[PDB]
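First comes the structure, then the notes that go with it.
Heads up, the Cβs are rebuilt from the backbone with ideal geometry, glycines too, and the neighbour counts pull from every protein chain shown. Each answer follows from the model by the rule given with it, or from the source it names; these are not laboratory values.
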């Protein structure tokens, strides 16, 4: 069910760049007939523009919506409160959970990392620590994120 005439293009992640400016990076326009091939083509175009870390184009009725992933890349993950589990272990643990160095970052998987590391501590020696992941943006289109472990809440 493709090759349909789109009426409007929307962006689920764009706030600085507007859809009119974003349209210039898209091979398709308003009123155009778009296939799933055009969905992948718009994806790869916006991927090749390099401003977004990930590009998803999907349809909703006659509306084409492009959700994009956070511009900054994970540059460094720093750990504070590694009293039980090794920081090197936490590094790969985060990487295997989604947030990996050099990879597109998700602010929404941050909470899952917090809960996961909290659970991991409890699983070892029954260590009760509170984990908070603080994401700090730096002017190089990357983020430095610090993992705060509170030592001894229970």
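Confirm whether residue 85 is assigned to a strand (DSSP E or B), in contact with a helix residue (DSSP H, G or I) (Cβ under 8 Å, 6 or more places away or on another chain) and either in the same structural domain as residue 101 (by CATH) or within 30 Å of residue 101 (Cα to Cα) (or both). Explain how you work it out, then say what you get.
Working: assigned to a strand (DSSP E or B): no; in contact with a helix residue (DSSP H, G or I) (Cβ under 8 Å, 6 or more places away or on another chain): yes; either in the same structural domain as residue 101 (by CATH) or within 30 Å of residue 101 (Cα to Cα) (or both): yes.
Here the answer is no, as residue 85 does not meet what is asked.
Within region 109-138, can you find the residues that are over 18 Å from the mean Cα position of the chain (by Cα) and outside any strand (DSSP E or B)? Break it down stepwise before answering.
Initially, region 109-138 is screened for residues over 18 Å from the mean Cα position of the chain (by Cα), giving 117-131.
Those that are over 18 Å from the mean Cα position of the chain (by Cα) and outside any strand (DSSP E or B): 117, 118, 119, 120, 121, 122, 123, 124, 125, 126, 127, 128.
Please name all residue pairs, on different chains or six or more residues apart, with Cβ atoms under 6 Å, provided the first residue is in region 127-154 and is assigned by CATH to the domain that holds residue 74 and without any contact (Cβ under 8 Å) to a residue 24 or more places away in the chain and the second residue is in a loop (DSSP other than H, G, I, E, B) and loosely packed, with under 14 Cβ neighbours inside 10 Å.
Pairs that qualify, where the first residue is assigned by CATH to the domain that holds residue 74 and without any contact (Cβ under 8 Å) to a residue 24 or more places away in the chain and the partner is in a loop (DSSP other than H, G, I, E, B) and loosely packed, with under 14 Cβ neighbours inside 10 Å, are 130/153.
Residue-wise test of (1) in the same structural domain as residue 140 (by CATH); (2) out of contact with any helix residue (DSSP H, G or I) (no Cβ under 7 Å at 6 or more places or on another chain); (3) more than 25 Å from residue 103 (Cβ to Cβ).
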| residue | (1), (2), (3) |
| --- | --- |
| 1 | no, yes, yes |
| 11 | no, no, no |
| 21 | no, yes, yes |
| 28 | no, no, yes |
| 32 | no, yes, yes |
| 44 | no, yes, no |
| 51 | no, yes, no |
| 54 | no, yes, no |
| 63 | no, yes, yes |
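Just one of (1) surrounded by 14 or more Cβ atoms within 10 Å (Cβ to Cβ); (2) assigned to a loop (DSSP other than H, G, I, E, B) trips up residue 90, so point out which.
If we test residue 90 against (1) surrounded by 14 or more Cβ atoms within 10 Å (Cβ to Cβ); (2) assigned to a loop (DSSP other than H, G, I, E, B), just (2) comes out false.
From the list 76, 40, pick out the single residue that is assigned to a helix (DSSP H, G or I), touching a strand residue (DSSP E or B) at 6+ places or on another chain (Cβ under 9 Å) and either surrounded by fewer than 15 Cβ atoms within 10 Å (Cβ to Cβ) or in contact (Cβ under 8 Å) with a residue 60 or more places away in the chain (or both). It would help to see each step written out before you state the result.
Working: 76 fails: assigned to a helix (DSSP H, G or I).
One residue alone meets the criteria, 40.
I'd like to know if region 66-73 contains one or more residues that are touching a strand residue (DSSP E or B) at 6+ places or on another chain (Cβ under 9 Å) and farther than 18 Å from residue 103 by Cβ.
yes
Restricting to region 17-36, give me the number of residues that are part of a helix (DSSP H, G or I), more than 17 Å from residue 60 (Cβ to Cβ) and without any contact (Cβ under 8 Å) to a residue 12 or more places away in the chain.
Qualifying residue count for the region: 3.
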